[PDB]
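What follows is one chain in structure tokens, specifically the form solved without ligand ADP.
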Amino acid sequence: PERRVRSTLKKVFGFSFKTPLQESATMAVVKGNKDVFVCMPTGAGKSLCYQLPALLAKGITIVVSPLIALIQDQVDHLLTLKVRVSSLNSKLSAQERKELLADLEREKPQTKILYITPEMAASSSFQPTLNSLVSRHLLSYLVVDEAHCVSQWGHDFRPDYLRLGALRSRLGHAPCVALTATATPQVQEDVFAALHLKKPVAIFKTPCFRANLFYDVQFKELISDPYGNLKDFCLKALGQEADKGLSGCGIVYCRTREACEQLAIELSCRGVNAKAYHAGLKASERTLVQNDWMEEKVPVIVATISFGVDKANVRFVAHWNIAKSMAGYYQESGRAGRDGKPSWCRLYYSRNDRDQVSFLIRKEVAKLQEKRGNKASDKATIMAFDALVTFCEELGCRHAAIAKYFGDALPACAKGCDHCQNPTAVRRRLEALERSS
């Protein structure tokens, strides 16, 4: 029961789990009555969800993953924990390969966990191995890492992943586990269908929502002093501990380097000390600006997309300019409030920005269509931007807008965004943008 999981967790990996979801996922795999989908971030709790259950299963767990870099890093650690793991890749000498194929044909092989590429898992040079494993009831779990590579609406589509659906079907008796860090509901639809996962598919999706972050849009068009507004936002967010004076630090995001340089100046003039970070600076300059921010010499950094970090006391992230994508806005904005203390996330929206960026997306989508040809991904790129304009231009819980797009349940807002806090002033400010249209 739960009894065994605790001990095997402790005995081997030397652990309680990083979260109670990570827990619930792992337990479900173990019951092995169901396929399961795990969308968790790069915290790497996901790995345990298939690794631990593999040991308790008294058979072999195959683990499909797209590239060696990804595989190698784990197998090294898995060994170090004295666990019988094996990578099968064509970067391997014929002898090492053939050693392993031999091992797999043994009643009771050494290998517990086999890390394969989709290439090999597809190759007919491996199907007989696979057949014999199946027939000898030796396959405990099929695992597919980077599951999202099966989706053309995903950022990283791989035709090889299409063969994996056929594979799951052959390996019927075994539970299948799919993992990715990044899936829109459309990508989850593709994953469940393409990999022929079996209902009820149990899902363990890390929620986007963070209580301690306060989300609001401002319209640069409806604003006398934009620069002044920003400084007041920065002021409120810094000095949440006035006995210290200025507590915390903050990021301002811009599309262009000149915007950064200029906005750094305007802020510094108004009495909020900000230095610009962009690829335009010598590398030396960048390492120094990063330092000052990181060691609180300078409370505010003004940066382009090129921001290298993991500070805990980020009291605010302001987007001066709309981001290329909902996901990039989530990623970038979420650099705030890692310490768990209150933080402020603000988007400054301009229809001229929307237009300026909408074009640059399409222009850099065109540069790819010339380089390689058309992709359903190119539609998703534009869809990724459309979702953020909708975030700005509609009335609704800002947190819930994000959770809808990613595929989370309705979040526990608690007057944690502009619209949840005063629905009517948001109505006012939208109405206002319609008049100025």
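So that there is no doubt, residue numbering starts at 1 and follows the sequence shown.
Beyond what is shown, the protein has a form solved in complex with ligand ADP; the following relates to that form.
Overlaying the pocket C-alphas and bringing ligand ADP over as found in the bound PDB entry, would you call this site open, or blocked by 3+ ligand atoms sitting within 2.4 Å of backbone or C-beta? The site is blocked here, because ligand ADP, transferred from its pose in the bound PDB entry, has 3 or more atoms within 2.4 Å of backbone or C-beta atoms.
Can you check whether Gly43 is within 4.5 Å of ligand ADP in the bound PDB entry, heavy atom basis? Although ligand ADP is absent here, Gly43 would touch it in the bound PDB entry, with heavy atoms inside 4.5 Å.
Classify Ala28 as contacting or not contacting ligand ADP in the bound PDB entry by the rule of any non-hydrogen atom within 4.5 angstroms, answering yes or no. Close contact is absent here: in the bound PDB entry, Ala28 is far from ligand ADP, nothing within 4.5 Å, heavy atoms only.
Might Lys18 be said to contact ligand ADP in the bound PDB entry, defining contact as any heavy atom within 4.5 Å? Flag for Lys18 set to yes.
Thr381: touches ligand ADP in the bound PDB entry, heavy atom cutoff 4.5 angstroms: Heavy-atom contact with ligand ADP at 4.5 Å: absent for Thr381.
Whether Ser86, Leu104 and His137 jointly form a contact site for ligand ADP in the bound PDB entry is the question; each needs a heavy atom within 4.5 Å. Not one of the three qualifies.
Listed range touching ligand ADP, judged in the bound PDB entry by heavy atoms within 4.5 Å, from 28-36, 59-67, 44-52, 381-389: One stretch meets the cut-off, namely 44-52.
So which of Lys98, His77, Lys220, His196 gets a non-hydrogen atom within 4.5 Å of ligand ADP in the bound PDB entry? Answer to the contact question: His77.
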